[PDB]
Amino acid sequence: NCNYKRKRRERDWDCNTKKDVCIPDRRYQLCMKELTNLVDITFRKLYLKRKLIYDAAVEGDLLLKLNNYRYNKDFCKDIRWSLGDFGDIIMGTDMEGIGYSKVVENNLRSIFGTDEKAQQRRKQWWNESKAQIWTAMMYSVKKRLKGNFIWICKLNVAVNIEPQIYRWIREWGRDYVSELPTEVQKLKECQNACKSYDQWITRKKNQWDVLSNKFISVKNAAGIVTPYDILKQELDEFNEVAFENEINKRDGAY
């Protein structure tokens, strides 16, 4: 029932359950109890919004706890990612669709309908609700701030609709640039450490290969043409050359 949110990157991106995509642990742990337990068209849309607000508020609360109650930009990014996944679930463009997520889809199918124009109505319901869903995710911050609410998080970056694979590459990039110093320092600190690094970097290449392939299928079917343009936007002075070297074990450090 929306558990305590395992530590950052305690489980790496899983590319094996769904073979065409790599799923982050955060998405697997996304709080969906009220959405799952959803078993007048305008009224039932409202009831959905209420349950989504409750799931979003818990999600935001747990993400704040995961960040040790520090209201910083690291927290905003996690709120940005979880909000987007809520939207892709609501809109139907969620790439996980596993287990409980299949229940929330069928519940959404019964609310908006199965016909072709239903998917456009779920996109319109999300657009008139997404701002309220984002605010719910920071309600725990509002409850714990002794004074007024300061908006260190920015609505525009969170509320803007991107493809899920786009945002997941942004998240994977931040995950990669954090795991890299921890790994290059675990080597500079030896046949096991190299057999461990080169088994870590293989996960990173296999992940990036599956994401960039999912990128191509999504893009074809914002200043971004290649999947590396996403990393240039999201990351601090990101050089694509060094990145392909690192993931191909060519970098002039390894």
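One-based numbering along the sequence shown.
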Given the B-factors recorded for C-alpha atoms, which segment has the greater mean, 143 to 151 or 125 to 133?
143 to 151
Of 111 to 119 and 162 to 170, the stretch with the higher mean C-alpha B-factor in the deposited entry is 111 to 119
Among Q29, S212, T42, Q199 - the residue whose C-alpha B-factor is largest in the record
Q199
Where does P181 sit by CA temperature factor within its chain: lowest, middle or highest third?
highest
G60 - which third its CA temperature factor falls in, relative to the rest of the chain
lowest
Ranking every modelled residue in this chain by its Cα temperature factor as given in the entry, which third contains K219?
middle
Lowest, middle or highest third of the chain for the C-alpha temperature factor of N67?
middle
Using the B-factor values recorded in the entry, state whether the Cα atom of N37 falls in the lowest, middle or highest third among the modelled residues of its chain.
lowest
